[PDB]
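First comes the structure, then the notes that go with it.
Cβ placement follows ideal geometry from the backbone for every residue including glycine, while neighbour counts extend to all protein chains displayed. Values in this text are rule-based calculations from the coordinates and carry no lab data.
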There are 2 protein chains.
Amino acid sequence: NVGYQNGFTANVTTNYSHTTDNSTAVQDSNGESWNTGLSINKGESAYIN
Amino acid sequence: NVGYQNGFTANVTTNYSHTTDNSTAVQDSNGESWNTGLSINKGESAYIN
């Protein structure tokens with residue numbers, strides 16, 4: 001960066017950084033389910049008397 | 001960083017830090033489904049009279 005801060009001024013900055021990281025989690029689940037069902041057979045679909 | 005401000009300027013910085021965090025999450029779920037179905041037998045496909 002350069003600029004006019006009471007005359008000329010200028011600066012050169014450099015930087016570098018390093019990270020380590022570690023984490024942990026758990027998870028649950030509990031659920032229900034329903035179902036129905038129908039079926040048919042066309043031909044011999046009914047009886048009589 | 002080095003640079004110019006009314007002469008020579010220099011600085012050297014070090015920096016370090018530590019972070020910890022914890023979190024929860026709760027998720028509901030609801031849904032429906034439908035299903036149709038067909039079958040046939042090639043060979044003795046249809047009875048006649």
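Among residues of the range B:1-45 being part of a strand (DSSP E or B) and either under 24 Å from the mean Cα position of the chain (by Cα) or of a type in the set (A, V, I, L, M, F, W, C) (or both), the one that is nearest to the other protein chains (Cβ to nearest Cβ) is B:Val2. Within the bounds of the range B:16-35, is there any residue that is closer than 30 Å to A:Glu44 by Cα and of a type in the set (A, V, I, L, M)? Looking for residues that are closer than 30 Å to A:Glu44 by Cα and of a type in the set (A, V, I, L, M), one finds none in the range B:16-35, hence no.
Restricting attention to the range B:1-39, the residues that are exposed (fewer than 10 other Cβ atoms within 10 Å of the Cβ) and in contact with a strand residue (DSSP E or B) (Cβ under 9 Å, 6 or more places away or on another chain) total 3.
I'd like to check something: does the range B:3-14 contain any residue that is farther than 30 Å from A:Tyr16 by Cα and of a type in the set (A, V, I, L, M)? So far as the range B:3-14 goes, no, none of its residues is farther than 30 Å from A:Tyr16 by Cα and of a type in the set (A, V, I, L, M).
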